[PDB]
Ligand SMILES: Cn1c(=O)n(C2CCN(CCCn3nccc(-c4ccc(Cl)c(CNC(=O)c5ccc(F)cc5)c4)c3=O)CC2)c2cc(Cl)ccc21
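In the block that follows, a single chain appears as C-alpha coordinates, in the form deposited without the ligand.
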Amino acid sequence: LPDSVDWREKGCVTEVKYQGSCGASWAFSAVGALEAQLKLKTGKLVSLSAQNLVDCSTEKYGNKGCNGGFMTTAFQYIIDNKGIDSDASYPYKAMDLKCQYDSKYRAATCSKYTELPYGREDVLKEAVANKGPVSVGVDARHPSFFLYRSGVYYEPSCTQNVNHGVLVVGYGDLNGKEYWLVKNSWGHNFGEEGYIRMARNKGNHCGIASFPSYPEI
(Lines give C-alpha, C1' and ligand atoms only; values in the text may rest on other atoms or scores of the structure.)
Protein backbone atom coordinates (compact mmCIF):
# COMPACT_ATOMS: atom_id res chain seq x y z
CA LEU A 1 0.00 0.00 0.00
CA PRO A 2 2.42 2.74 1.18
CA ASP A 3 5.31 3.55 -1.23
CA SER A 4 7.99 3.43 1.52
CA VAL A 5 8.02 2.00 5.01
CA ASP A 6 10.64 2.21 7.67
CA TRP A 7 9.72 0.43 10.91
CA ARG A 8 12.48 2.29 12.66
CA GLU A 9 10.17 5.35 12.43
CA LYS A 10 7.61 3.53 14.60
CA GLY A 11 10.11 2.67 17.34
CA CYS A 12 9.85 -1.08 16.47
CA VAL A 13 13.48 -1.90 15.73
CA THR A 14 16.18 -2.33 18.38
CA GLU A 15 19.80 -1.47 17.82
CA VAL A 16 21.98 -3.40 15.41
CA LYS A 17 23.75 -6.31 16.96
CA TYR A 18 27.13 -7.80 16.20
CA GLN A 19 27.14 -11.58 15.70
CA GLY A 20 30.91 -11.84 15.54
CA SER A 21 32.42 -15.10 14.29
CA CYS A 22 29.39 -17.11 15.52
CA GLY A 23 26.99 -18.03 12.66
CA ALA A 24 23.80 -17.15 14.55
CA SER A 25 22.28 -14.70 12.08
CA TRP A 26 19.21 -16.98 12.12
CA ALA A 27 18.78 -16.11 15.83
CA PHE A 28 19.30 -12.34 15.30
CA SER A 29 16.80 -12.42 12.46
CA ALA A 30 14.20 -14.28 14.57
CA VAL A 31 14.50 -12.01 17.58
CA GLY A 32 14.38 -8.88 15.41
CA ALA A 33 11.01 -9.95 14.01
CA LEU A 34 9.68 -10.75 17.47
CA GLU A 35 10.96 -7.42 18.86
CA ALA A 36 8.77 -5.44 16.49
CA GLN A 37 5.79 -7.56 17.45
CA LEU A 38 6.51 -7.12 21.16
CA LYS A 39 6.65 -3.38 20.61
CA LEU A 40 3.38 -3.38 18.73
CA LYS A 41 1.68 -5.28 21.58
CA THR A 42 3.14 -3.80 24.80
CA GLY A 43 4.59 -0.46 23.69
CA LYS A 44 7.99 -1.59 24.84
CA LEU A 45 11.06 -1.80 22.70
CA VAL A 46 13.37 -4.40 24.21
CA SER A 47 16.16 -6.50 22.66
CA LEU A 48 15.42 -10.20 22.91
CA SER A 49 17.88 -12.98 23.63
CA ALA A 50 19.52 -14.39 20.50
CA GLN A 51 21.66 -16.59 22.75
CA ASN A 52 18.54 -18.11 24.29
CA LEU A 53 17.66 -19.46 20.82
CA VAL A 54 21.27 -20.40 20.10
CA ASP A 55 21.52 -22.53 23.25
CA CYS A 56 17.95 -23.77 23.46
CA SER A 57 16.43 -24.09 20.00
CA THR A 58 18.74 -26.89 18.97
CA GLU A 59 18.42 -30.41 17.52
CA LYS A 60 14.62 -30.65 17.70
CA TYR A 61 14.27 -27.60 15.47
CA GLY A 62 17.10 -28.53 13.13
CA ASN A 63 19.19 -25.60 14.39
CA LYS A 64 22.93 -25.88 15.05
CA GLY A 65 23.81 -22.88 17.19
CA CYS A 66 26.82 -20.98 15.84
CA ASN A 67 26.72 -23.30 12.86
CA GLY A 68 23.40 -21.94 11.57
CA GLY A 69 19.68 -22.58 11.81
CA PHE A 70 16.14 -21.56 10.91
CA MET A 71 14.07 -18.50 11.86
CA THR A 72 10.82 -20.51 11.53
CA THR A 73 11.89 -23.22 13.96
CA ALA A 74 13.37 -20.57 16.19
CA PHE A 75 9.80 -19.21 16.39
CA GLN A 76 8.35 -22.69 17.07
CA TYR A 77 10.86 -23.04 19.92
CA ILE A 78 9.61 -19.78 21.35
CA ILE A 79 6.04 -21.04 20.99
CA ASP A 80 6.75 -24.47 22.54
CA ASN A 81 8.84 -22.96 25.32
CA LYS A 82 6.16 -20.37 25.99
CA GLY A 83 8.73 -17.61 26.19
CA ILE A 84 12.03 -15.97 25.47
CA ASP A 85 14.25 -13.97 27.78
CA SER A 86 15.49 -10.48 27.25
CA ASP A 87 18.93 -9.99 25.84
CA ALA A 88 19.82 -8.28 29.13
CA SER A 89 18.88 -11.45 31.12
CA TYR A 90 20.55 -13.90 28.71
CA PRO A 91 23.37 -12.06 26.99
CA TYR A 92 24.92 -12.88 23.63
CA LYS A 93 28.22 -14.76 23.91
CA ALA A 94 28.88 -15.63 20.29
CA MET A 95 29.29 -19.36 21.06
CA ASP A 96 27.24 -22.43 21.93
CA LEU A 97 26.29 -22.71 25.61
CA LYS A 98 24.03 -25.12 27.47
CA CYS A 99 20.46 -23.94 27.43
CA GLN A 100 20.05 -21.45 30.27
CA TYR A 101 16.46 -20.27 29.72
CA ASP A 102 14.80 -18.90 32.85
CA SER A 103 11.12 -17.97 33.05
CA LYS A 104 11.84 -15.25 35.65
CA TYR A 105 13.39 -13.15 32.88
CA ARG A 106 10.94 -13.84 30.04
CA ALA A 107 10.49 -10.76 27.94
CA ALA A 108 8.21 -11.99 25.14
CA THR A 109 6.07 -14.82 23.81
CA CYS A 110 4.86 -16.17 20.44
CA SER A 111 1.55 -17.79 19.47
CA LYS A 112 2.07 -18.38 15.75
CA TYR A 113 4.49 -17.82 12.92
CA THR A 114 3.65 -17.29 9.22
CA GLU A 115 5.81 -18.11 6.19
CA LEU A 116 5.35 -16.26 2.93
CA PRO A 117 5.20 -17.78 -0.58
CA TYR A 118 8.58 -18.44 -2.20
CA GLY A 119 10.01 -15.56 -4.17
CA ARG A 120 6.87 -13.40 -3.96
CA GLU A 121 8.12 -9.85 -3.60
CA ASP A 122 4.63 -8.31 -3.82
CA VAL A 123 3.49 -10.56 -0.99
CA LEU A 124 6.54 -9.63 1.16
CA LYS A 125 5.85 -5.95 0.41
CA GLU A 126 2.33 -6.32 1.74
CA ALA A 127 3.49 -8.21 4.87
CA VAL A 128 6.14 -5.59 5.65
CA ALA A 129 3.57 -2.80 5.42
CA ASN A 130 0.75 -4.50 7.19
CA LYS A 131 2.26 -6.92 9.74
CA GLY A 132 5.75 -5.60 10.58
CA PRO A 133 9.39 -6.48 9.92
CA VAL A 134 9.88 -9.86 8.24
CA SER A 135 12.57 -12.45 8.79
CA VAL A 136 14.25 -13.52 5.56
CA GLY A 137 17.36 -15.16 4.30
CA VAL A 138 19.75 -13.79 1.69
CA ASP A 139 22.75 -15.05 -0.23
CA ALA A 140 25.40 -12.90 1.42
CA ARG A 141 28.39 -14.92 0.14
CA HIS A 142 29.96 -12.29 -2.13
CA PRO A 143 32.73 -9.75 -1.42
CA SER A 144 30.19 -7.26 -2.75
CA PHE A 145 27.98 -7.91 0.32
CA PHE A 146 30.60 -7.53 3.12
CA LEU A 147 31.89 -4.40 1.37
CA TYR A 148 28.58 -2.53 0.75
CA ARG A 149 28.68 1.10 2.01
CA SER A 150 25.72 2.87 0.46
CA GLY A 151 23.06 2.86 -2.27
CA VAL A 152 20.84 0.09 -3.62
CA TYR A 153 22.85 -3.12 -3.65
CA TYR A 154 22.70 -5.34 -6.74
CA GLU A 155 25.03 -8.27 -7.31
CA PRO A 156 24.94 -10.00 -10.71
CA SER A 157 26.37 -13.20 -9.26
CA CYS A 158 23.78 -13.40 -6.45
CA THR A 159 21.70 -16.57 -6.32
CA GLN A 160 18.60 -17.70 -4.57
CA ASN A 161 20.50 -20.09 -2.30
CA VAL A 162 20.09 -18.07 0.95
CA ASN A 163 22.75 -18.50 3.62
CA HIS A 164 22.38 -15.50 5.93
CA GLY A 165 19.42 -14.49 8.03
CA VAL A 166 18.52 -10.80 8.06
CA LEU A 167 15.48 -8.65 8.88
CA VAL A 168 13.50 -6.65 6.35
CA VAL A 169 12.43 -3.55 8.35
CA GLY A 170 11.12 -1.66 5.36
CA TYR A 171 11.18 -0.77 1.70
CA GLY A 172 11.30 2.21 -0.62
CA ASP A 173 13.00 3.62 -3.61
CA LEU A 174 16.28 5.45 -4.16
CA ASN A 175 15.97 7.60 -7.31
CA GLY A 176 14.03 5.02 -9.29
CA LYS A 177 15.75 2.06 -7.61
CA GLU A 178 13.36 0.03 -5.50
CA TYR A 179 14.95 -1.61 -2.48
CA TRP A 180 14.30 -3.67 0.63
CA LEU A 181 15.64 -2.02 3.84
CA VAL A 182 17.59 -4.80 5.62
CA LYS A 183 18.81 -4.83 9.22
CA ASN A 184 21.97 -6.97 9.39
CA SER A 185 23.68 -8.33 12.51
CA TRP A 186 27.20 -7.28 11.57
CA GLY A 187 27.52 -4.37 13.96
CA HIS A 188 27.18 -0.64 13.30
CA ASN A 189 30.20 -0.40 11.00
CA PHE A 190 28.59 -2.56 8.33
CA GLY A 191 26.96 -0.64 5.44
CA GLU A 192 24.61 2.21 6.43
CA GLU A 193 24.89 2.09 10.23
CA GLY A 194 24.35 -1.68 10.07
CA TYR A 195 21.74 -1.64 7.31
CA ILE A 196 21.75 -2.52 3.65
CA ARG A 197 19.29 -1.57 0.93
CA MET A 198 18.97 -4.47 -1.50
CA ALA A 199 17.40 -4.48 -4.93
CA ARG A 200 13.65 -5.08 -4.79
CA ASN A 201 11.49 -6.37 -7.68
CA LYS A 202 14.64 -7.49 -9.44
CA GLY A 203 13.72 -11.17 -9.63
CA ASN A 204 14.02 -12.06 -5.94
CA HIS A 205 17.56 -10.75 -5.94
CA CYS A 206 19.86 -12.79 -3.62
CA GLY A 207 16.78 -14.84 -2.65
CA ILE A 208 15.41 -12.06 -0.48
CA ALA A 209 11.78 -13.33 -0.67
CA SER A 210 12.79 -16.97 -1.03
CA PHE A 211 12.16 -17.90 2.62
CA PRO A 212 10.28 -15.16 4.53
CA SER A 213 8.52 -15.50 7.90
CA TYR A 214 7.13 -13.42 10.72
CA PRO A 215 5.85 -14.24 14.23
CA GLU A 216 2.70 -13.08 15.99
CA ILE A 217 1.79 -12.55 19.65
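Numbers for residues come from their place in the sequence shown, where the first is 1.
If you look for the form solved in complex with the ligand, you will not find it shown, but the lines that follow are about it.
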{"item": "Ligand-site obstruction classification: the ligand, superposed in the entry with it bound, backbone or C-beta within 2.4 Å", "value": "open"}
{"item": "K64, heavy atom within 4.5 angstroms of the ligand in the entry with it bound", "value": "yes"}
{"item": "4.5 angstroms heavy atom contact with the ligand in the entry with it bound for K183", "value": "no"}
{"item": "Contact of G165 with the ligand in the entry with it bound (heavy atom, 4.5 Å)", "value": "yes"}
{"item": "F70 within 4.5 Å of the ligand in the entry with it bound, heavy atoms", "value": "yes"}
{"item": "Candidate stretches 33-41, 156-164, 171-179, 48-56 - the one whose heavy atoms come within 4.5 Å of the ligand in the entry with it bound", "value": "156-164"}
{"item": "Residues in 186-212 with any heavy atom within 4.5 Å of the ligand in the entry with it bound", "value": "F211"}
